[PDB]
Each structure stands twice: as C-alpha cells, then as structure tokens.
Amino acid sequence: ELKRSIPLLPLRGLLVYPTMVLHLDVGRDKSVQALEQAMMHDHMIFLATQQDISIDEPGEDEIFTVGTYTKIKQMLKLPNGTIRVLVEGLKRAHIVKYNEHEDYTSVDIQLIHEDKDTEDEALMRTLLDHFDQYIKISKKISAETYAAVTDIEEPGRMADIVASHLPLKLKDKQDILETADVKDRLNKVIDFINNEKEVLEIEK
C-alpha cells in the first residue's frame, strides 16, 4: 500500500511507535513547514528518527528508512513561531521515494504489515513476567542504595557515592570527580538529581 507525498518530520533522540500518543515541540524551520503542509491536506506526516542527533539538516542518509505513518490530532502555533503538536502513531512504513523540497521534505512510503497465536499469548505472559522481575529488581537495588548512602557521615563521600549510582553521562561523573570543593560538589549533585527528576516527569 502506497502513500505519496507525505511530509517528513525527522525526530531527534525519540522514537514513536504505532498507537503512541504524545505532544511534540517543533522548531526546526523544515519541520514546522512539514507540519503546516500536512494540515493543508489529510493531516498525515511521516515520523522517522535521525541517526545522528547533532545534524540540523539531515539528508536521507541521516534518517532511518523505516518510520511511523502518523496523524496530527491537534496543532498549536506558539508565540515565538514554534508549534506544539499532538500526534498519534498509526502504522509502520518505509521510505520508498525521497522528495526533498525547498521548504520541507516529503516522502513516498509503503505501509508495512505484520500481523494473535497461542504462542503469542505465551510470549506475552513471558514478556510481562520478565518485565515485572526487572521492575522488582530495580526497586530492590535502588532501595539498598538509598539505605547505604543514608549512613554516610562525610559530605564529600556522600556526594561521590550518590553520583556513582545516578544514571549520569560519564562526562558528568567526571565533572563531579573534577570538583575538589565539597560544597560545590554537593550542589552539583543535587542539581543533577533535579534534572534526572524533571526528565522523568517529562517522559510521562
């Protein structure tokens, strides 16, 4: 099944699956044009993740070929010229023709099909069990960690140890190591925790 001339929206550091519903804040000129172009027609767009998160104008080489045929549900034009859109993934599809225009990129795609056994039911039971084991195990580990860190009397040592358990990029951990001053170190770690807390709430 073929869909011609679908406006392309390259995602950075984010992947949308069919049936997922989320808000997106769009700013790249060529991305807001793609949105605006879709709203002038059937409200459909093609979301495809960029491979290199640092590129601002990705060519076909820099986007994955398979992505998600998507529906714009609500679109809001912000003060600054940015757009806040609510989208819903519908179907997976693959780029089959790349129409790079001046204002935005457009793409021809072919919808991909799948598609409930009694095997499938077992596998789901297994998926849920392992997922639950993994949730249970994180909860258990992090608790033991909180209790260990609780009994630490030295500020410098508490800042280091708490930093070593947070999901921080290495360069951030290195920053902590490179912060000799204990008060400065504690502050940075507190701040890191806040970011990690805010990021969690963002992804939800």
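Bear in mind these aren't lab numbers, they're just calculated from the coordinates by the rules spelled out. Every residue, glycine among them, receives a Cβ derived from its backbone with ideal geometry; neighbour counts consider all protein chains shown.
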- Item | Shape call, region 1-112: gyration tensor on alpha carbons, a/c limit 1.5 | rounded
- Message: Whole percent per 10 Å bin, from 0 to the bin with the longest distance: what is P(r) over all C-alpha pairs of the chain?
- Response: 7, 24, 23, 22, 18, 6, 0
- Can you pull the one-decimal nm distance between simple spin-label points at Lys116 and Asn80, each 7 Å off the Cα toward Cβ? 4.4
- Query: Size of region 162-204 along its principal axes in angstrom, Cα-based, largest extent first?
  - Reply: 36, 19, 13
- Task: Using only alpha carbons, build the gyration tensor for region 116-203 and give me the equivalent ellipsoid semi-axes, biggest first, whole Å.
- Result: 37, 15, 10
- Once the dipole of the chain is set up with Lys and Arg at +1 and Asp and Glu at -1 on Cβ about the Cα centre, which of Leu11, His165, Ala38 lies farthest towards its positive end? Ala38
- The relative contact order of region 1-112, taking Cα pairs under 8 Å that sit 6 or more residues apart, comes to a percentage of 36
- Measuring from its Cα centre, the chain shows a charge dipole (+1 at each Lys and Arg Cβ, -1 at each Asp and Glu Cβ) which, in debye to the nearest 20, is 460
- Assigning unit charges at the beta carbon (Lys, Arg +1; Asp, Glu -1) and nothing else, what dipole magnitude in debye, to the nearest 20, does region 1-112 show about its Cα centre? 560
- Task: Please report the relative contact order for region 116-203, taking Cα pairs under 8 Å with a sequence separation of at least 6, and give it as a percent rounded to a whole number.
- Result: 21
